[PDB]
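Just one chain is shown here, as structure tokens, and it is the form deposited in one PDB entry.
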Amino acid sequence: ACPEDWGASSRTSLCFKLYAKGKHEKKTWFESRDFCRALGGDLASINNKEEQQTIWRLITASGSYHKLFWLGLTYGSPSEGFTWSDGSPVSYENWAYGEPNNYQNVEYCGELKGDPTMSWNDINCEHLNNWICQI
């Protein structure tokens, strides 16, 4: 079961919460990770298409599209490539076309484009974004 405002009550329920903020309250990737971890959770990992649907549904209920959200995607070692901050394997991927491209060699964190594509892009970790936590 999920906490109130994070999901449903069934044993298989996955718990996510959107944090959409104005520019003066958006956070870097590391700040967002720390915020979610302070609650006992982490930045959201999207481990399969079912979790993707869950998050997309939350976005539709928000009444706001096209927003960008930090996910728990962070680059590891050169041989690892991208990892999830919660330690789960990156088995499922939904990178946008041509991503991750490490554009200009400065893109080590992953963001979700909150539109129907639900696609991922690697971007500079110091950008200020909205974020999604899990618990």
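Residue indices: 1-based, along the sequence shown. Residues that one form lacks are left out of the comparison. Note that the rigid core is defined as the largest set of C-alphas that superpose within 1.5 Å between two forms.
There is another form of this protein, the form deposited in another entry, and it is not shown here; the text below is about that form.
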property	result
Listed options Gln53, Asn47, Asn94, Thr60; Cα moving by 2 angstroms or more between this form and the one not shown (core superposition)	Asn94
C-alpha of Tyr103 off by 2 Å or more between this form and the one not shown on rigid core	yes
CA-CA separation of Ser91 and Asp115, closer or farther in that other deposited form than in the form shown [shift of 3 angstroms or more]	farther
In that other deposited form, whether the C-alpha atoms of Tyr92 and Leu43 sit closer or farther than here (change of 3 Å or more)	farther
Regions of at least 3 residues displaced between this form and the one not shown by 2 angstroms or more (CA, core superposed)	7-10, 81-107
